[PDB]
Amino acid sequence: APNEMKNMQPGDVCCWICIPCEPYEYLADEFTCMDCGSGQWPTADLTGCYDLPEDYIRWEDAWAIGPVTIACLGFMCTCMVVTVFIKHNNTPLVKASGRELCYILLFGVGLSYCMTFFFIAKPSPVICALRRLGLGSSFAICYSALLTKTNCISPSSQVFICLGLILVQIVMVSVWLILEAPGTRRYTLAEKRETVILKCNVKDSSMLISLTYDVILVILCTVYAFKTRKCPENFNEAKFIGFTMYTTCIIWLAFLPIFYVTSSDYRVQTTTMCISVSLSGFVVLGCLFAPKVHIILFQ
Amino acid sequence: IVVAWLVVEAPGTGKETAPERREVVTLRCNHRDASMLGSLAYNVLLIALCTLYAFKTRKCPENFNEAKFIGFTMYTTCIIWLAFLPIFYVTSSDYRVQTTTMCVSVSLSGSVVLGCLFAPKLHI
Amino acid sequence: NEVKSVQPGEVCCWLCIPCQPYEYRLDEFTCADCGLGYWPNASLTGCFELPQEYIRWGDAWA
Ligand SMILES: CCCCCCCCCCCCCCCC(=O)OC[C@H](COP(=O)(O)OCCN)OC(=O)CCCCCCCCCCCCCCC
Ligand SMILES: CC(C)CCC[C@@H](C)[C@H]1CC[C@H]2[C@@H]3CC=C4C[C@@H](O)CC[C@]4(C)[C@H]3CC[C@]12C
Ligand SMILES: CC(C)CCC[C@@H](C)[C@H]1CC[C@H]2[C@@H]3CC=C4C[C@@H](O)CC[C@]4(C)[C@H]3CC[C@]12C
Ligand SMILES: CC(C)CCC[C@@H](C)[C@H]1CC[C@H]2[C@@H]3CC=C4C[C@@H](O)CC[C@]4(C)[C@H]3CC[C@]12C
Ligand SMILES: CCCCn1ccc(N2CCC(c3ccccc3)CC2)c(Cl)c1=O
């Protein structure tokens with residue numbers, strides 16, 4: 514049979530012995546077994562490799578069921594928080610200290626909630642560029658708002691300095707994107723030629739350094755919160771911001787080694803990113819607004 | 693409960709083989725790592741009860757109040773284990789990595805428990 | 507080593523080909539597999555293996 518099984522002649526043309534070659538190698542000639550391009554599987558007739566469709570994307574399945582449910586739960590939670598803030602907190606002086614800052618922080622948290630939807634979607638150069646820019650933008654918004662909260666413990687100047695701290699990170703992200711936005715290419719895995727994974731080939735290490743620049747920002751915010759937690763701002767929120775800072779420090783220090791270890795598996799890439807973003811959003815929203823809504827409902 | 697799980701099974705340590713790796717052979721326990729899911733659930737319920745009771749000792753004097761030092765510990769342990777689980781799933785190298793990961797996780801959990809509970813008391 | 511010689515067409519010469527590396531029991535005309543957990547690399551005609559999971563007091567990871 515010619516089913517990926519070639520024949521050698523021992524000492525005469527009339528006599529040949531048939532031996533199967535590698536299953537991923539096709540018959541260029543009757544007496545030759547040769548490999549073909551990566552991501553292509555040999556055809557049944559063993560005449561030419563056909564390109565395997567890129568169906569290994571992170572499609573909606575049991576693995577994807579968790580992130581979307583967590584995303585919609587977070588969307589409901591942040592919508593409830595926003596409507597409580599805009600309903601029974603605009604006129605009272607409770608929310609007057611950081612109204613606009615809390616609103617823009619909530620917007621950043623909502624964009625971070627959309628970030629798991631950006632991650633789960635199929636890779637494409639435009640969506641890859643948008644995801645890469647947002648991954649810095651949303652967290653920069655959130656932690657610039659947190660840092661301005663720490664510095665508060684004048685509003686126009688604080689808003690302007692927060693906008694400047696956002697814009698410098700935006701410019702850095704823009705230059706990183708003009709470096710290599712698309713990044714889209716095929717991925718080849720050794721000893722796993724049967725499966726071809728379609729994903730954005732932007733460096734996971736480069737995304738790691740972008741996240742660690744934002745982590746240096748996180749650490750600056752956390753040390754500022756630890757320094758300023760001693761004297762409350764008459765509303766007992768400096769300690770709450772400090773606790774949020776330490777919990778986010780814990781989350782990131784967990785997230786960095788696990789990502790470094792599991793850089794191999796693309797499914798775990800898609801899952802851990804979403805899990806960490808959702809956990810950070812949940813914990814910040816809780817630790818910074820649950821006592822607020824509690825005292826609002828008590829009053 | 694763990695003895696009831698232990699009595700049914702038995703120590704069956706022996707060599708194991710892999711179809712994709714025949715040049716190297718390793719031996720380990722005959723019980724899967726998922727066998728202690730019942731113990732994990734029991735510990736999760738214990739942690740939940742501890743958090744619930746800590747939510748009730750809130751209005752207590754500073755000496756008797758620890759609702760800002762044991763609530764962190766439960767969350768820290770949960771983060772530790774929810775980060776150890778994906779590493780265990782992805783590594784799958786029975787020779788070294790699981791032993792090191794479990795030992796590091798247990799040691800760091802003990803360290804964070806000590807630091808959150810008694811280190812403030814030692815400082816005083 | 508790792509090559510088995512077979513001469514079906516004639517006795518004058520043989521077209522030796524390398525078979526699977528995990529089968530080295532005979533290695534005179536055909537290569538045969540060995541038992542599970544036994545690498546056939548002892549004295550070029552036998553199977554041997556070494557114990558693992560003995561990294562106690564190991565500098566690499568312990
Ligand atoms: C979804 C992921 C996480 C979501 C939210 C996480 C909750 C906070 C994270 C860290 C805990 C510190 C509490 C903030 C301190 C504060 O500000 O106050 C602390 C308040 C009350 O103390 P007090 O009023 O006397 O003030 C103290 C002044 N220093 O809490 C409590 O003790 C109430 C009892 C605990 C109830 C929730 C604790 C949750 C821990 C485990 C939950 C499982 C999550 C699983 C995640 C994988
Ligand atoms: C005690 C509560 C708060 C823990 C919540 C944990 C949530 C956020 C996460 C942590 C680990 C996650 C699991 C990790 C891996 C898998 C296997 C996959 O095939 C289906 C989803 C599933 C089963 C995930 C479901 C969601 C999950 C359980
Ligand atoms: C408290 C948090 C950080 C705990 C997170 C889980 C634990 C188990 C993590 C923290 C750092 C991790 C290590 C970081 C780096 C490496 C090197 C790599 O070549 C093998 C895995 C190994 C050795 C990791 C094993 C798992 C590990 C020990
Ligand atoms: C496990 C998943 C679903 C997350 C749930 C987190 C919930 C249970 C946590 C997160 C933050 C927590 C709040 C943090 C701080 C305070 C202020 C304190 O004076 C009374 C309790 C109160 C108001 C906590 C109630 C419980 C709380 C809202
Ligand atoms: C939140 C409570 C923490 C205490 N804790 C933590 C883990 C724990 N394991 C049982 C199952 C675990 C595990 C199971 C399956 C895959 C990977 C890992 C590994 C070890 C116990 Cl038995 C415990 O008691």
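Protein sequences appear in the order of chains A, L and Y.
Just so you know, the first sequence maps onto residues 514 to 666, 684 to 829 in the entry's author numbering.
Heads up, the second sequence is in the entry's author numbering, so the first residue is 693 and it goes up one at a time.
Heads up, the third sequence is in the entry's author numbering, so the first residue is 507 and it goes up one at a time.
Note that beta-carbon positions come from the ideal geometry of N, C-alpha and C, so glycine has one too.
Asked                                                                                                                                : Found
Beta-carbon contacts of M521/A that lie in its chain and below 6 angstroms, excluding the five residues immediately before and after : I530
Whole-angstrom distance between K608/A and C627/A, CA atom to CA atom                                                                : 26 angstroms
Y767/L beta carbon near ligand 1 (any heavy atom closer than 6 angstroms)                                                            : yes
Residues near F756/L in its chain [Cβ-Cβ closer than 8 angstroms; skip 5 each side]                                                  : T749
9 angstroms Cβ cut-off: residues of chain L touching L542/Y                                                                          : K707, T709, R714 and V717
Three-state secondary structure assigned by DSSP to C546/A                                                                           : strand
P821/A CB to nearest heavy atom of ligand 4 below 6 angstroms                                                                        : yes
Alpha-carbon spacing of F764/L relative to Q526/Y, whole angstroms                                                                   : 56 angstroms
Separation of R788/L from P605/A, as counted between CA atoms                                                                        : 59 angstroms
Burial state of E767/A (16 or more Cβ within 10 Å)                                                                                   : buried
Own chain, CB closer than 6 angstroms to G552/A, minus 5 neighbours either side, in chain order                                      : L565, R716 and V726
DSSP state of residue 496/A mapped onto helix, strand, coil                                                                          : As shown, chain A starts at 514 and ends at 829. That puts residue 496/A outside it, with no answer to give.
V796/L CB to nearest heavy atom of ligand 6 below 6 angstroms                                                                        : Looking for ligand 6 in the displayed structure turns up nothing; the ligands present are ligand 1, ligand 2, ligand 3, ligand 4 and ligand 5.
Residue burial classification, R644/A (beta-carbon count within 10 angstroms, cutoff 16)                                             : buried
7 angstroms Cβ cut-off: residues of chain A touching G515/Y                                                                          : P523, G524, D525 and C528
Three-state class that DSSP yields for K600/A in the structure shown                                                                 : helix
Residues sharing a beta bridge with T718/L, DSSP                                                                                     : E708/L
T752/A at chain L interface by Cβ criterion, 7 angstroms                                                                             : no
Contact set between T792/L and chain Y, taken where Cβ atoms lie within less than 9 angstroms                                        : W567 and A568
C-beta neighbour in chain A for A775/L, strict 7 angstroms                                                                           : yes
Distance cut-off 6 angstroms: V791/A Cβ against heavy atoms of ligand 3                                                              : yes
Selection of the segment 779-790 of chain L by Cβ proximity to chain Y, strictly under 9 angstroms                                   : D786, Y787, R788 and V789
Whole-number beta carbon distance between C692/A and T663/A, since they are thought to touch under 8 angstroms                       : Not a contact, Cβ separation roughly 11 angstroms.
Beta-carbon contacts of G713/A that lie in its chain and below 6 angstroms, excluding the five residues immediately before and after : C641, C730, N731 and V732
Same chain, Cβ closer than 8 angstroms to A548/Y, neighbours up to 5 away in sequence not counted                                    : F554
Stretch pair the segment 807-816 of chain A + the segment 583-595 of chain A: three plus CB contacts closer than 8 angstroms         : yes
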